[PDB]
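Contents: one structure, followed by commentary.
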Amino acid sequence: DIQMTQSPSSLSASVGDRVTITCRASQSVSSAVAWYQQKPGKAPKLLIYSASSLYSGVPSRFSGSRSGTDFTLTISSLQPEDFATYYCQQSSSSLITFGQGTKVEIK
Amino acid sequence: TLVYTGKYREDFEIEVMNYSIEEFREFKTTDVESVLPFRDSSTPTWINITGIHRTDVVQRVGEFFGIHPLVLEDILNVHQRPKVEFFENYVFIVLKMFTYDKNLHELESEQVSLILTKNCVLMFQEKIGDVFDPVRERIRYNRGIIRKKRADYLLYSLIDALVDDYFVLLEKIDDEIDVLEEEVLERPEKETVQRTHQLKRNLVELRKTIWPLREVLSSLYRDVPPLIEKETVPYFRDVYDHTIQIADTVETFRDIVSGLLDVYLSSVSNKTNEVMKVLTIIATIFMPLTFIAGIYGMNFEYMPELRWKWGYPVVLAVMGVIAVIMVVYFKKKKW
Amino acid sequence: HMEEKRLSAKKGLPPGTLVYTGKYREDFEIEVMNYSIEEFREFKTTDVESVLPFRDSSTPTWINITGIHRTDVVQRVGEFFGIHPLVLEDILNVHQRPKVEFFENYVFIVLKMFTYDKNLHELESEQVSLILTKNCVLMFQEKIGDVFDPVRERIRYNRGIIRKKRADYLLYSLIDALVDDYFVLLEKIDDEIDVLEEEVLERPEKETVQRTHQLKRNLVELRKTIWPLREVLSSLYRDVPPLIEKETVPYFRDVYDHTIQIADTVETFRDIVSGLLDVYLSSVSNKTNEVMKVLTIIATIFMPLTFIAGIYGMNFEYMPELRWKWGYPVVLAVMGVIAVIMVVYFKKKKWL
Amino acid sequence: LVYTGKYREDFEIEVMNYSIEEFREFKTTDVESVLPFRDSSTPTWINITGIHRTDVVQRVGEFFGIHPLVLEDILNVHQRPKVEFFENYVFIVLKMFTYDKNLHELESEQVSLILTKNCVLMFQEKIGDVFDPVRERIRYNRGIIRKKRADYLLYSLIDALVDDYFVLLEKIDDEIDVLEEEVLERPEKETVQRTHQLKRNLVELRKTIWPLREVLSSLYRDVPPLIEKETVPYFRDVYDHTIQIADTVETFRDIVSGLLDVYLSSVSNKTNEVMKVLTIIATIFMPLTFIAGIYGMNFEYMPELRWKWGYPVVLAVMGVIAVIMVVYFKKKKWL
Amino acid sequence: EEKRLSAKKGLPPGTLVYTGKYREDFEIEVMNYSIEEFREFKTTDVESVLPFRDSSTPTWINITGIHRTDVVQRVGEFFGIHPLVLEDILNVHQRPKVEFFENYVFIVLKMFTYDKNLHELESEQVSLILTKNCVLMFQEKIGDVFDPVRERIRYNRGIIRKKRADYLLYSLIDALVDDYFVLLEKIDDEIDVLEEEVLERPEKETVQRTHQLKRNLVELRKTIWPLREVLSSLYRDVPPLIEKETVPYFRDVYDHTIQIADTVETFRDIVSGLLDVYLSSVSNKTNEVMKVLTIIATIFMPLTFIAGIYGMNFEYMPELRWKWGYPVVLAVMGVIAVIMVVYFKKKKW
């Protein structure tokens with residue numbers, strides 16, 4: 001089964017800084033990687049699907065990229081509303097698996 | 001007289017599985033004689049033959065089953081495109097497995113044959129290791145509806161597993177194309193050129209293998225063969241549609257890699273200017289001074305330079321003046 | 001899909017799923033333009049049940065669904081209008097070529113709209129699909145922006161004869177507007193060719209060859225799109241399906257001729273681009289040849305003189321030569337005459 | 001409403017009412033003076049030049065009962081030729097092409113033609129048109145134009161446009177003759193750009209002919225109620241003239257393609273010739289200087305210093321080397 | 001179409017001239033088939049074939065070798081075929097066409113064969129005439145594409161044996177289009193081989209083969225477009241002779257011709273790309289050779305200049321007997337060589 005390791009587990013940064021979250025899949029998932037933002041105690045929200053396309057209604061600071069089995073999420077300039085846990089999903093197969101979550105905290 | 005084609009001849013193993021709606025049994029043996037009574041049974045079975053180099057085995061099975069020789073040379077002939085043969089007693093299909101290696105990009109293909117005979121399916125593989133393990137797992141663990149059907153469903157399962165392996169191959173090639181395009185765009189290098197060329201060749205081989213296979217599946221389902229039951233027509237139709245998907249992806253991938261090659265090979269211009277200007281200025285600078293240095297190699301009793309005082313400083317100054325004049329005139333012509 | 005017209009089977013999907021194939025998922029809107037000989041109405045809604053009742057409306061109506069990422073809306077419209085599921089799959093399938101299919105109850109057409117972008121030398125197509133059933137014309141679009149504003153203006157302001165005629169005339173008008181925008185696209189491509197020609201003939205830059213190659217690829221893609229469009233128009237004009245009424249059939253001849261013109265213009269543009277590449281290569285070769293002139297003249301006036309110097313710069317004995325009197329001025333005059341002769345020969349060669 | 005014309009400085013209004021019983025011409029820009037002419041039984045030809053002032057065209061269209069969209073089309077500049085038929089009027093839009101000497105520029109000039117009952121209205125972007133022979137013939141009372149209706153006036157104007165096309169084609173023919181003489185006499189970058197400008201202008205003429213063919217074909221095939229006969233043979237003759245124009249343009253295109261091929265061949269030949277002469281002299285004289293450098297040793301004990309008068313032998317060897325190098329060029333057909 | 005035969009110059013009036021190049025062989029095959037039986041008959045006697053004109057059952061006549069203008073004339077005279085149709089039959093340098101008459105339909109088609117190890121594309125014009133119950137077919141030489149139709153008639157396979165002659169005309173045209181597809185496959189394989197060869201090793205044989213392929217593709221385009229036109233004409237109206245039941249089949253063949261035209265245009269574009277690739281590769285190779293030549297020239301001409309220095313027979317040598325003069329000039333040698341090598345490495349040469 002495809003398993004995806006998301007790193008770093010938690011990185012702290014301030015507003016206006018470019019923050020990058022990477023996530024690597026053990027097996028080959030073509031491009032079906034989606035990024036979700038979840039603030040504590042609420043339902044997750046979709047940000048990027050297909051590893052490069054950002055969902056309608058999402059700020060342009062979020063962006064995704066892919067180089068082989070390595071997927072990255074970058075925020076161009078942080079905001080006070082961008083400190084949450086970010087997950088990494090593959091949907092290449094019917095058995096969907098998630099990442100582990102990378103909590104971004106104000107520092 | 002049958003001649004083999006496979007380069008390697010290291011291993012040879014025979015196995016057979018007899019499954020029925022009630023009971024099940026699998027057999028493994030080395031002697032060719034043990035597989036003879038299995039065809040006599042009414043229950044569909046599946047003889048797995050690894051290694052076609054053992055020509056006596058294939059000759060024996062061909063003469064016992066009632067197979068025309070041309071099928072035997074075709075099974076022995078690895079270097080051939082996939083095709084289907086319709087005969088009044090059996091259908092003969094040859095396919096091609098594929099293995100892709102990462103960190104060392106090559107595409108290796110191993111021919112596989114499939115003969116469907118009444119209530120038995122014959123296949124002749126080339127080496128150990130294949131892509132039909134899930135079919136055996138479903139046979140052993142009572143998964144699906146394969147046991148409830150006849151040998152046509154077994155042939156369907158084999159072809160479907162092979163197409164699934166083709167999909168996995170396409171995933172690996174997808175990763176290769178992504179990293180290759182990223183590397184080429186980020187930094188054009190000779191190793192990237194070799195990778196692009198190898199990937200284009202691999203895609204060409206894939207197309208040459210997959211496009212006939214779509215026609216093969218179309219023949220299997222649309223022609224309504226007498227041996228293939230009408231109940232298994234939709235399954236062959238589904239495999240045909242999967243082959244459609246594979247072909248479309250292969251064409252798109254070749255288009256991407258060809259575009260990459262064209263973009264890389266577009267720019268060659270700067271050399272003809274830069275290196276040629278360098279050569280011309282160097283030659284035009286250094287030939288005249290060499291001529292002035294060599295004209296004094298003339299051997300004579302009398303020559304003016306002998307009497308002249310400070311002849312060496314004079315000739316050096318003249319040569320320097322000529323070089324300065326030439327280099328100044330070079331700025332008039334630019335470059 | 002020709003063989004018996006069944007729903008195809010994918011691998012990563014459940015058997016009956018219709019999947020949108022394009023990239024545009026931003027905007028969704030349904031726009032209706034219902035008109036008669038005297039009265040017309042129009043509205044914009046995001047509710048499909050407000051356009052479902054128009055299937056049985058006697059007057060010609062124009063339902064326009066923008067945004068087909070909403071597969072639910074497309075499936076609802078198809079279920080209510082009795083559209084075959086394979087037709088819906090083709091509607092949602094974007095990577096496709098223009099086609100026309102005639103059914104016993106409706107006519108299904110696929111067309112393309114391009115938008116050439118300046119300063120970003122690439123053209124992007126958007127698939128538009130049309131279903132001409134009974135007295136209604138269904139139009140499907142990917143995103144906001146289309147070429148059918150003149151048809152809306154004609155309906156609103158009662159221009160032409162569109163109000164009198166039925167839905168097949170609306171289909172004719174829509175195809176006419178699309179081919180007119182194809183003409184506009186060709187004009188823009190001609191302007192780009194003009195700019196590229198100026199760049200090639202004035203300054204042979206490094207990126208000019210890349211621009212030529214990408215323009216050539218654009219023309220290739222345009223040809224690949226336009227040829228099926230000509231097939232569609234020829235089929236509409238010549239196969240005369242029952243829904244066209246035989247009274248609007250001559251109106252498709254103009255559009256067929258227009259597609260023929262567009263194909264010819266694409267061919268000529270491709271030839272022009274290739275000729276520009278040839279001229280660029282000739283200019284580069286001429287520059288290298290201008291360098292050849294200097295290099296060759298220097299070598300051809302200097303090598304023989306040093307050869308003579310090397311021949312005379314040798315040490316043997318027992319021969320009444322070499323050591324002489326006034327022979328050095330003789331050799332001086334010798335290569336002076338050689339240089340003069342070479343200059344005269346250059347005068348014949350017409351360079352320097 | 002919105003007007004995007006290239007020229008805005010000139011503005012003039014012409015009215016020219018003609019009849020066999022009397023002739024009349026009107027000048028100046030009195031907007032209200034043109035309205036009553038629509039009631040005249042005798043044919044009239046109102047000529048309007050300068051559309052940057054939309055008020056006059058708006059007023060004349062409103063008084064003549066023309067659709068506002070037709071007026072907006074008149075205001076447009078980059079409009080392909082088209083014919084639109086309406087119950088009261090027909091809308092004709094065409095191109096007028098002018099060619100200037102000493103500059104290889106092809107210029108466009110849109111002209112609109114609408115006739116109602118007997119009144120014909122023009123629309124000119126700039127002062128100057130090729131209808132001067134037509135109005136001169138009207139003034140001089142020549143031909144059957146004065147005894148016919150406005151349809152014959154429209155035919156006469158279209159015929160004048162076709163004659164202007166003819167004049168443009170012979171001007172381009174003279175242009176082609178001059179540039180052919182130049183390219184076969186002296187090639188240079190300017191000749192290349194001028195010939196390629198011819199090529200693009202010929203492509204433009206080919207493009208513009210086809211909508212003219214379409215509008216003429218519709219005009220003489222739809223037999224409109226407004227145009228009541230006495231026009232079919234004349235429009236067919238104009239159609240034949242357009243066919244001949246197309247043929248002449250195609251021939252010119254072949255000529256200019258030949259010219260461009262000639263220039264490319266000349267450049268290649270010059271490069272080959274210079275490389276040829278450099279290589280010949282290099283291969284004939286560099287080895288000889290290499291041998292001379294070999295024999296330029298200053299050794300105190302040189303065994304090759306004295307070899308049975310080796311001086312003439314060495315020069316004979318050099319001559320033989322030069323001859324065989326020249327012959328090898330002749331053997332493989334160099335010169 | 002016209003009653004008056006065309007009047008060529010230098011030929012006696014009313015003469016018919018075979019135009020092609022093949023004169024080796026001549027043979028007439030007749031395959032008369034019915035709902036319940038078939039017959040085969042291969043002779044060189046035209047008389048034994050003439051009575052088949054009025055047979056109720058469908059007849060397939062295959063007259064191979066049209067250099068025998070007498071046989072063509074006799075067949076045309078007996079079947080009532082106009083002289084101009086016979087002239088078009090004998091004319092080979094003619095693009096495909098279809099002509100409709102009252103009692104027959106005349107179709108001009110073209111075959112193609114590709115040769116391996118010697119890439120030449122050859123054409124052969126075949127003419128078909130559908131008169132009453134018979135389908136006359138004229139060929140230049142032995143060797144055709146309609147063997148599958150022959151075997152289908154022999155083995156009563158398909159619905160051909162139970163239908164009229166118009167279905168036979170269909171079968172022949174569809175077989176011709178099928179071998180057009182086969183030719184396209186052969187050409188695509190050759191294009192792949194040429195692509196690899198040109199991209200790996202630019203030679204004169206490469207451009208020779210590529211230009212020959214380009215000419216062949218232009219010829220294929222010029223042949224394939226009118227064939228699409230004539231199949232369109234065969235399925236659009238075709239009032240008198242072809243039954244309304246057979247028109248979907250002609251529609252299928254028209255679609256196949258559209259696909260063939262698309263494929264040949266794609267091949268033309270690919271070959272143009274190959275020519276551009278060859279030009280770029282040759283320019284790159286010449287640039288590399290110039291890089292090498294300039295490297296040695298720039299690192300050795302100054303060396304020859306410094307060798308010319310200390311090579312002049314002057315009275316006053318400053319270092320006339322200075323110790324280590326040869327080692328110091330060799331040190332200058334090494335320093336100059338190293339610094340030029342380093343400098344040329346900066347530009348990545």
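Going through the structure tokens in order, the chains are called A, B, and so on, while each chain numbers its residues from 1 and the ligands are numbered from 1 in the order shown.
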
Write out as CSV a residue-level contact list of chain B versus chain D with cut-off 12 Å: for each qualifying residue the closest pair of atoms and the distance in Å to one decimal, counting only C-alpha atoms, rows sorted by chain and residue number upward.
```
residue,atom,partner,partner_atom,distance
B:294,CA,D:293,CA,11.1
B:297,CA,D:296,CA,9.8
B:298,CA,D:296,CA,11.5
B:299,CA,D:296,CA,11.8
```

Please produce, as a tab-separated table, a per-residue contact table for chain C versus chain B (criterion: any atom at most 9 Å away, only C-alpha atoms considered), showing the nearest atom pair and its distance in Å to one decimal, sorted by chain then residue number.
```
residue	atom	partner	partner_atom	distance
C:8	CA	B:241	CA	6.5
C:9	CA	B:241	CA	5.8
C:10	CA	B:242	CA	6.3
C:11	CA	B:242	CA	6.6
C:206	CA	B:269	CA	7.2
C:207	CA	B:267	CA	8.3
C:209	CA	B:266	CA	7.0
C:210	CA	B:266	CA	6.5
C:213	CA	B:266	CA	8.1
C:284	CA	B:269	CA	8.2
C:285	CA	B:272	CA	8.8
C:287	CA	B:273	CA	8.0
C:288	CA	B:272	CA	6.6
C:291	CA	B:277	CA	7.2
C:292	CA	B:280	CA	8.3
C:294	CA	B:280	CA	7.4
C:295	CA	B:280	CA	5.5
C:298	CA	B:284	CA	6.5
C:299	CA	B:287	CA	8.0
C:302	CA	B:287	CA	7.0
C:303	CA	B:287	CA	8.4
C:305	CA	B:291	CA	7.6
C:306	CA	B:291	CA	5.8
C:309	CA	B:295	CA	5.8
C:310	CA	B:294	CA	7.5
C:312	CA	B:298	CA	5.9
C:313	CA	B:297	CA	5.1
C:314	CA	B:299	CA	7.8
C:315	CA	B:299	CA	8.4
C:322	CA	B:299	CA	6.0
C:323	CA	B:300	CA	4.0
C:324	CA	B:300	CA	5.7
C:325	CA	B:302	CA	6.8
C:326	CA	B:302	CA	7.7
C:327	CA	B:300	CA	7.8
C:328	CA	B:303	CA	7.2
```

Please produce a file of the residues just selected, as a compact mmCIF listing (two decimals), in the first residue's frame, where the atoms kept are N, CA, C and O atoms.
```txt
# COMPACT_ATOMS: atom_id res chain seq x y z
N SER C 8 -17.90 3.70 -22.53
CA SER C 8 -16.58 3.11 -22.38
C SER C 8 -16.28 2.83 -20.91
O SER C 8 -16.89 3.38 -20.00
N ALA C 9 -15.30 1.95 -20.69
CA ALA C 9 -14.91 1.51 -19.36
C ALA C 9 -13.51 2.02 -19.06
O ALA C 9 -12.57 1.74 -19.82
N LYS C 10 -13.37 2.76 -17.97
CA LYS C 10 -12.07 3.21 -17.49
C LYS C 10 -11.58 2.25 -16.41
O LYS C 10 -12.25 1.28 -16.05
N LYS C 11 -10.39 2.52 -15.89
CA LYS C 11 -9.79 1.64 -14.89
C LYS C 11 -9.84 2.20 -13.48
O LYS C 11 -10.16 1.46 -12.55
N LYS C 206 18.70 35.23 -30.29
CA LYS C 206 18.71 33.83 -29.92
C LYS C 206 17.30 33.26 -29.80
O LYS C 206 17.08 32.08 -30.12
N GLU C 207 16.35 34.07 -29.35
CA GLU C 207 14.99 33.59 -29.11
C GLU C 207 14.12 33.62 -30.36
O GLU C 207 12.99 33.11 -30.33
N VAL C 209 14.49 31.99 -33.16
CA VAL C 209 14.27 30.63 -33.66
C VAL C 209 13.26 29.90 -32.79
O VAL C 209 12.42 29.14 -33.30
N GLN C 210 13.31 30.12 -31.48
CA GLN C 210 12.31 29.53 -30.60
C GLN C 210 10.92 30.05 -30.92
O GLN C 210 9.94 29.30 -30.90
N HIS C 213 9.69 28.37 -34.02
CA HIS C 213 9.29 26.99 -33.80
C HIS C 213 7.96 26.90 -33.06
O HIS C 213 7.12 26.05 -33.39
N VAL C 284 22.50 33.82 -40.86
CA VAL C 284 23.57 33.31 -40.00
C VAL C 284 24.74 32.82 -40.85
O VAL C 284 25.91 33.11 -40.55
N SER C 285 24.44 32.07 -41.91
CA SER C 285 25.49 31.57 -42.79
C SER C 285 26.24 32.72 -43.45
O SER C 285 27.45 32.65 -43.65
N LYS C 287 26.75 35.72 -42.17
CA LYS C 287 27.66 36.28 -41.18
C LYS C 287 28.92 35.43 -41.05
O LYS C 287 30.06 35.94 -41.08
N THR C 288 28.75 34.11 -40.91
CA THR C 288 29.91 33.23 -40.85
C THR C 288 30.76 33.35 -42.11
O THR C 288 31.99 33.27 -42.04
N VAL C 291 32.96 36.31 -41.97
CA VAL C 291 34.17 35.98 -41.21
C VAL C 291 35.15 35.16 -42.05
O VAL C 291 36.37 35.38 -42.02
N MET C 292 34.61 34.19 -42.81
CA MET C 292 35.40 33.43 -43.76
C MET C 292 36.20 34.32 -44.69
O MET C 292 37.34 33.98 -45.04
N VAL C 294 37.66 37.30 -44.28
CA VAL C 294 38.89 37.79 -43.67
C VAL C 294 39.85 36.64 -43.40
O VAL C 294 41.05 36.72 -43.70
N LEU C 295 39.33 35.55 -42.81
CA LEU C 295 40.22 34.45 -42.45
C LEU C 295 40.91 33.88 -43.68
O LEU C 295 42.13 33.68 -43.70
N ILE C 298 43.55 36.31 -45.29
CA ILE C 298 44.78 36.36 -44.50
C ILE C 298 45.60 35.10 -44.72
O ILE C 298 46.81 35.16 -44.98
N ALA C 299 44.95 33.93 -44.64
CA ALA C 299 45.68 32.68 -44.82
C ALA C 299 46.27 32.58 -46.22
O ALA C 299 47.42 32.18 -46.39
N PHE C 302 49.29 34.83 -46.61
CA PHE C 302 50.42 34.64 -45.72
C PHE C 302 51.07 33.27 -45.81
O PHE C 302 52.29 33.17 -45.65
N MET C 303 50.32 32.20 -46.04
CA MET C 303 50.91 30.86 -46.03
C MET C 303 52.00 30.66 -47.08
O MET C 303 53.08 30.16 -46.72
N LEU C 305 54.04 32.71 -48.51
CA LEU C 305 55.24 33.49 -48.22
C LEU C 305 56.08 32.83 -47.13
O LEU C 305 57.31 32.71 -47.26
N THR C 306 55.43 32.37 -46.06
CA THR C 306 56.15 31.64 -45.03
C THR C 306 56.65 30.30 -45.55
O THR C 306 57.69 29.81 -45.09
N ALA C 309 59.82 31.21 -47.22
CA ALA C 309 60.81 31.49 -46.18
C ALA C 309 61.35 30.20 -45.57
O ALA C 309 62.55 30.09 -45.29
N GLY C 310 60.47 29.22 -45.34
CA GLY C 310 60.92 27.94 -44.81
C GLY C 310 61.78 27.16 -45.79
O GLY C 310 62.73 26.49 -45.39
N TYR C 312 63.76 28.45 -48.11
CA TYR C 312 65.07 29.09 -48.14
C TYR C 312 65.81 29.00 -46.81
O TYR C 312 67.04 29.09 -46.80
N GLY C 313 65.10 28.82 -45.70
CA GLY C 313 65.73 28.71 -44.40
C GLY C 313 66.14 27.29 -44.09
O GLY C 313 65.56 26.63 -43.22
N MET C 314 67.16 26.81 -44.79
CA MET C 314 67.61 25.44 -44.71
C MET C 314 69.13 25.41 -44.85
O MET C 314 69.74 26.31 -45.44
N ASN C 315 69.75 24.37 -44.30
CA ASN C 315 71.21 24.28 -44.19
C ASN C 315 71.71 23.01 -44.87
O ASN C 315 71.73 21.94 -44.27
N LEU C 322 71.83 29.65 -52.15
CA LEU C 322 71.68 30.13 -50.78
C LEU C 322 72.49 31.39 -50.57
O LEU C 322 72.01 32.50 -50.83
N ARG C 323 73.72 31.24 -50.08
CA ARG C 323 74.60 32.38 -49.89
C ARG C 323 74.91 33.03 -51.24
O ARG C 323 75.70 32.50 -52.03
N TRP C 324 74.30 34.18 -51.49
CA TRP C 324 74.45 34.90 -52.76
C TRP C 324 74.66 36.37 -52.47
O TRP C 324 74.75 36.80 -51.31
N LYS C 325 74.73 37.16 -53.54
CA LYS C 325 74.85 38.61 -53.45
C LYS C 325 73.61 39.24 -54.06
O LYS C 325 73.23 38.92 -55.19
N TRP C 326 72.97 40.13 -53.30
CA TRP C 326 71.76 40.84 -53.71
C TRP C 326 70.59 39.91 -54.00
O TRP C 326 69.64 40.30 -54.68
N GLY C 327 70.64 38.67 -53.50
CA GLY C 327 69.51 37.77 -53.67
C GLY C 327 68.37 38.04 -52.71
O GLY C 327 67.21 37.75 -53.03
N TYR C 328 68.67 38.58 -51.54
CA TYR C 328 67.62 38.96 -50.59
C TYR C 328 66.68 40.02 -51.16
O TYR C 328 65.46 39.85 -51.03
```

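CA of residue 140 (chain C) to CA of residue 65 (chain C) spans 5.0 Å [interatomic distance, one decimal].
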
_Who sits within 8 Å of residue 26 (chain A), only C-alpha atoms, same chain under 3 positions skipped, as a PyMOL selection string_ = chain A and resi 2-5+69

Could you please take those selected residues and save C-alpha atoms as a PDB file, in the first residue's frame?
```
ATOM      1  CA  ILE A   2       1.158   3.525  -0.803  1.00  0.00           C
ATOM      2  CA  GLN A   3       2.412   5.388   2.270  1.00  0.00           C
ATOM      3  CA  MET A   4       3.452   9.040   2.250  1.00  0.00           C
ATOM      4  CA  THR A   5       5.881  10.576   4.748  1.00  0.00           C
ATOM      5  CA  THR A  69       7.545  11.114  -5.976  1.00  0.00           C
TER       6      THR A  69
END
```

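Using only C-alpha atoms, the part of chain D that sits within 12 Å of chain E is made up of residues 293, 296, 297 and 298 of chain D.
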
Close residues, region 180-192 of chain B itself excluded, 8 Å, only C-alpha atoms, min 4 positions apart in chain, as a short mmCIF file (atom, residue, chain, number, x, y, z; two decimals) with N, CA and C atoms, in the first residue's frame:
```cif
data_model
loop_
_atom_site.label_atom_id
_atom_site.label_comp_id
_atom_site.auth_asym_id
_atom_site.auth_seq_id
_atom_site.Cartn_x
_atom_site.Cartn_y
_atom_site.Cartn_z
N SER A 67 8.11 16.89 -8.10
CA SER A 67 9.31 16.45 -8.82
C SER A 67 9.47 14.95 -8.54
N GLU B 176 9.31 9.19 -14.45
CA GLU B 176 10.51 9.47 -15.23
C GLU B 176 10.35 10.74 -16.07
N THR B 196 16.64 11.73 -22.26
CA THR B 196 15.55 12.03 -23.18
C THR B 196 15.55 11.08 -24.36
N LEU B 260 10.13 18.10 -25.75
CA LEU B 260 11.34 18.34 -24.97
C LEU B 260 12.58 18.30 -25.86
N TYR B 264 15.10 21.46 -26.59
CA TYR B 264 16.54 21.38 -26.32
C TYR B 264 17.36 21.66 -27.57
#
```

What are the closest atom pairs, with distances in Å to one decimal, for all residues of chain C lying within 6 Å of chain D? Consider only C-alpha atoms, order rows by chain and residue number, and present the result as JSON lines.
```
{"residue": "C:289", "atom": "CA", "partner": "D:271", "partner_atom": "CA", "distance": 5.5}
{"residue": "C:296", "atom": "CA", "partner": "D:278", "partner_atom": "CA", "distance": 5.2}
{"residue": "C:307", "atom": "CA", "partner": "D:289", "partner_atom": "CA", "distance": 4.9}
{"residue": "C:310", "atom": "CA", "partner": "D:292", "partner_atom": "CA", "distance": 5.4}
{"residue": "C:311", "atom": "CA", "partner": "D:292", "partner_atom": "CA", "distance": 5.5}
{"residue": "C:314", "atom": "CA", "partner": "D:296", "partner_atom": "CA", "distance": 5.1}
{"residue": "C:316", "atom": "CA", "partner": "D:305", "partner_atom": "CA", "distance": 5.6}
```

I need the chosen residues saved as a compact mmCIF listing (two decimals), in the first residue's frame, with C-alpha atoms.
```txt
# COMPACT_ATOMS: atom_id res chain seq x y z
CA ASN C 289 30.85 33.72 -44.52
CA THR C 296 40.66 33.04 -45.96
CA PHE C 307 56.46 28.48 -47.14
CA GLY C 310 60.92 27.94 -44.81
CA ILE C 311 62.25 26.53 -48.08
CA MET C 314 67.61 25.44 -44.71
CA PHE C 316 72.87 22.13 -46.85
```

*asked:* For residue 208 (chain E), find every residue with an atom within 12 Å (counting only C-alpha atoms), except residues of its own chain fewer than 3 positions away, and show them as a ChimeraX atom specification.
replied: /E:118-120,194,198,202-205,211-215,275,278

Using C-alpha atoms, can you write the selected residues to a file as a PDB file, in the first residue's frame?
```
ATOM      1  CA  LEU E 118      15.172   0.016 -51.338  1.00  0.00           C
ATOM      2  CA  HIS E 119      12.756   2.759 -50.305  1.00  0.00           C
ATOM      3  CA  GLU E 120      10.722   3.440 -53.437  1.00  0.00           C
ATOM      4  CA  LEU E 194      14.847   7.397 -40.182  1.00  0.00           C
ATOM      5  CA  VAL E 198      19.106  11.120 -38.352  1.00  0.00           C
ATOM      6  CA  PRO E 202      23.847  12.767 -39.817  1.00  0.00           C
ATOM      7  CA  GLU E 203      25.011  11.482 -43.212  1.00  0.00           C
ATOM      8  CA  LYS E 204      24.216  12.054 -46.882  1.00  0.00           C
ATOM      9  CA  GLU E 205      22.243   8.805 -47.017  1.00  0.00           C
ATOM     10  CA  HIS E 211      13.895  13.673 -49.015  1.00  0.00           C
ATOM     11  CA  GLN E 212      12.708  10.589 -50.893  1.00  0.00           C
ATOM     12  CA  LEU E 213      10.257   9.965 -48.046  1.00  0.00           C
ATOM     13  CA  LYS E 214       9.069  13.579 -48.270  1.00  0.00           C
ATOM     14  CA  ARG E 215       8.417  13.249 -52.005  1.00  0.00           C
ATOM     15  CA  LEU E 275      14.724  17.815 -41.868  1.00  0.00           C
ATOM     16  CA  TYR E 278      19.173  17.107 -39.396  1.00  0.00           C
TER      17      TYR E 278
END
```

*Tell me, in Å to one decimal, how far CA of residue 166 (chain D) is from CA of residue 197 (chain C).*
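It comes out at 27.8 Å.
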